[PDB]
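Residue numbers (my numbering), protein chains in the order written: chain A, 34 to 84; chain B, 669 to 1022; chain C, 28 to 77.
Quick reminder that beta carbons are idealized off the backbone N, C-alpha and C, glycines included.
Down below is the structure, laid out as structure tokens.
Here is the structure:
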């Protein structure tokens, strides 16, 4: 009988872990895109200021 | 195949084993039980890779259930409309072909959530697209029904206006001269009434006109109610006397304009009513033929999304489930409900549909 | 309550029922009845609100 409860808890924990991993991967991709954008913006600003 | 009757879909974890009987193989156990139900079962692959959050999953499942109910109601309405024109065989389009094939052929390898429509978008996006398609199909069905209703009303009016028993008869069967075609002012005269069923009674009514204008006795001869129906002379210059030519004897006059333009317009209106009836019937038949595929596919996609959501809820993670066919003869409808519940030792089953 | 929870929240949600030693009076019921703890845990803000 406790086996069913353990399986249910495992499924819930796995769903939570999958959600967290997906959120972290999405945040990482967004951060990489924003890093590229910020590098481009900073390069443009530094070229404008220095030149 | 014997799948022409209702079909009951279901899904279960692919790692599960039969619970009603300790069968070695779940597919073999189902085939043995479906042998008891005289049914046939085959695997269906209709996946949806995108997976949302748990709260998102619950919200999506509830919305999918609501949308599936709405789409099924629309499909039933479309089937009823198709049966209304006596075009859908087996009552409400039970045997109506889908995808140029019967329902068992259409659902043999169903992939309603697959293909170009929502190939890999989010589940919420797929639900929104399905809802939009269902709404468009419902609007088309409503337009077809309204067109059929208008055409039927026009046909009824055309049929009713041609009686002439107590009203103006059909202009095609009517006589134009001296019947409001010209016959105006002092040039000529026009009259119409129903005094009893004899010429003397018509003469009795016409005597009350006081011979102000058009003193000629009224003549009434027609099949209208096997009684008086006249095209007589009563000049508009004596419109009061024209009315008195029928009012005194309770002739109940039914005079109306029947000029050449009026008669041509009446004939054109009758022809237009008939043509509109035929064209609306053809358009409704075509719309129902399209809808028996479109609305059915929308409802099937909503049901597939609901089944996928339930399977995800029935497993949690990792996403993995086995979906079974729905076909079952009508005799085993109740027994299959017991047998499936018997094998679902865990609706309590991972999935179920009608 | 547990059956309603497992139906509406068909997913996995743990429960922590704990019995109360003595009954507690109710306002509308005007009576003291044996009670139990309704501790429950689940993920998702919308799920928690539901």
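Taking just the CA atoms, how far does residue 56 of chain A sit from residue 8 of chain A? Residue 8 of chain A cannot be examined here, being either before or after the span of chain A that is shown, 34 to 84.
Find the nearest neighbour of residue 43 of chain C within the set A:54, A:69, A:83, A:42, judged by alpha-carbon distance. Restricting attention to A:54, A:69, A:83, A:42, the CA atom closest to the CA of residue 43 of chain C is found in A:42.
Less than 8 Å between CB atoms is the rule here; does residue 42 of chain A satisfy it with respect to chain C? Yes, contact with chain C.
Opposing strand residues paired with residue 990 of chain B [DSSP bridges]: Under the DSSP definition of a beta bridge, residue 990 of chain B partners with B:680.
Looking only at its chain, what residues have a beta carbon closer than 8 Å to the beta carbon of residue 961 of chain B, apart from the 5 residues adjacent to it on each side? Close CB contacts of residue 961 of chain B within its chain, under the 8 Å cut and outside five residues either way in sequence, are with 766, 767 (chain order).
Below 8 Å on the Cβ atoms is my guess for residue 617 of chain B versus residue 836 of chain B; work out the distance and round it to an integer in Å. No information on residue 617 of chain B is available, as it lies outside the stretch 669 to 1022 that chain B covers here.
Could you give the distance in angstroms between the alpha-carbon of residue 81 of chain A and the alpha-carbon of residue 61 of chain A? One C-alpha to the other measures close to 30 Å.
Just confirm the distance between the C-beta atoms of residue 70 of chain C and residue 722 of chain B, as a whole number of angstroms; I'd bet it's less than 8 Å. About 5 Å; that satisfies the 8 Å criterion.
Go ahead and pull the three-state DSSP assignment for residue 66 of chain C. Residue 66 of chain C: strand per DSSP, three-state reduction.
Where the beta strand (DSSP E) containing residue 785 of chain B begins and where it ends: No beta strand (DSSP E) contains residue 785 of chain B, which DSSP labels as neither H nor E.
When DSSP builds the beta bridges, which residues end up paired with residue 46 of chain C? Per DSSP, C:63.
Could you give the C-beta distance for residue 656 of chain B and residue 677 of chain B, rounded to a whole number, given that I count them as a contact under 8 Å? Lying outside 669 to 1022, the shown extent of chain B, residue 656 of chain B is not represented and no answer is given.
Output yes if chain B places a C-beta closer than 8 Å to the C-beta of residue 36 of chain C; else output no. Yes, residue 36 of chain C lies at the interface with chain B (some Cβ there is under 8 Å from its Cβ).
Please check the pair residue 984 of chain B and residue 53 of chain A, which I expect to be a contact at CB under 8 Å, by giving their CB distance rounded to whole angstroms. That pair is no contact at about 14 Å.
In chain B, which residues lie less than 7 Å from residue 70 of chain C when you measure between Cβ atoms? Those within 7 Å of residue 70 of chain C in chain B are 722.
Please report whether the beta-carbon of residue 73 of chain C lies at a distance below 8 Å from any beta-carbon of chain B. Yes, contact with chain B.
Flag this pair as touching only if the region 903-913 of chain B and the region 867-881 of chain B have three or more C-beta atom pairs under 8 Å; answer yes or no. Judged by Cβ distances under 8 Å, the region 903-913 of chain B makes contact with the region 867-881 of chain B, as three or more pairs qualify.
Residue 845 of chain B (DSSP reduced to helix, strand or coil): DSSP places residue 845 of chain B in strand when its eight states are reduced to three.
What does residue 41 of chain C reach in chain A if we use C-beta pairs closer than 8 Å? Ordered by position in chain A, the residues that pass the 8 Å Cβ test against residue 41 of chain C are 38, 41, 42, 45.
Residue 938 of chain B - containing alpha helix (DSSP H), residue span: Per DSSP, residue 938 of chain B belongs to the alpha helix (DSSP H) from 928-983.
Per-residue DSSP class, three states only, for residue 902 of chain B: The answer is coil: DSSP assigns residue 902 of chain B none of H, G, I, E or B.
Taking 8 Å as the threshold (beta carbon to beta carbon), is residue 985 of chain B in contact with chain A? Closer than 8 Å to some Cβ of chain A, the Cβ of residue 985 of chain B qualifies, so yes.
Close beta carbons around residue 50 of chain C, own chain, < 6 Å, minus the five adjacent residues each side: Hits under 6 Å: 59, 60, 61.
From this set, B:976, B:821, B:833, which residue's C-alpha is nearest residue 896 of chain B's C-alpha? For the residues B:976, B:821, B:833, the minimum Cα distance to residue 896 of chain B belongs to B:833.
Determine the contact status of residue 948 of chain B and residue 819 of chain B, defining contact as a CB-CB distance below 8 Å. For residue 948 of chain B and residue 819 of chain B, yes; Cβs fall inside 8 Å.
For a contact defined as C-beta to C-beta under 7 Å, what are the partners of residue 981 of chain B on chain C? Those are 37, 38, listed as they occur along chain C.
Does residue 41 of chain C come out as helix, strand or coil in the three-state DSSP assignment? Secondary structure of residue 41 of chain C (DSSP, three-state): strand.
Residue 34 of chain A, buried or exposed, once every other Cβ within 10 Å from all chains shown has been counted against 16: With fewer than 16 Cβ atoms within 10 Å of its Cβ, residue 34 of chain A is classed as exposed.
Could you tell me which of B:853, B:898, B:875 sits nearest to residue 917 of chain B, measuring between CA atoms? If we check each option's Cα against that of residue 917 of chain B, B:875 comes out closest.
In three-state DSSP terms, what is residue 51 of chain C? Strand, per DSSP.
First and last residue of the alpha helix (DSSP H) that includes residue 1019 of chain B? Neither: residue 1019 of chain B is in no alpha helix (DSSP H) and is coded neither H nor E.
Quick one, which of B:712, B:711, B:730 has its alpha-carbon nearest residue 74 of chain C's? Ranking the options by Cα distance to residue 74 of chain C, first place goes to B:730.
Per-residue contacts from residue 49 of chain A into chain C (C-beta, under 7 Å): For residue 49 of chain A, the C-beta contacts it makes with chain C under 7 Å involve 70, in order along the chain.
From residue 815 of chain B to residue 713 of chain B, what does the alpha carbon distance come to, in whole angstroms? Those two C-alpha atoms are separated by around 40 Å.
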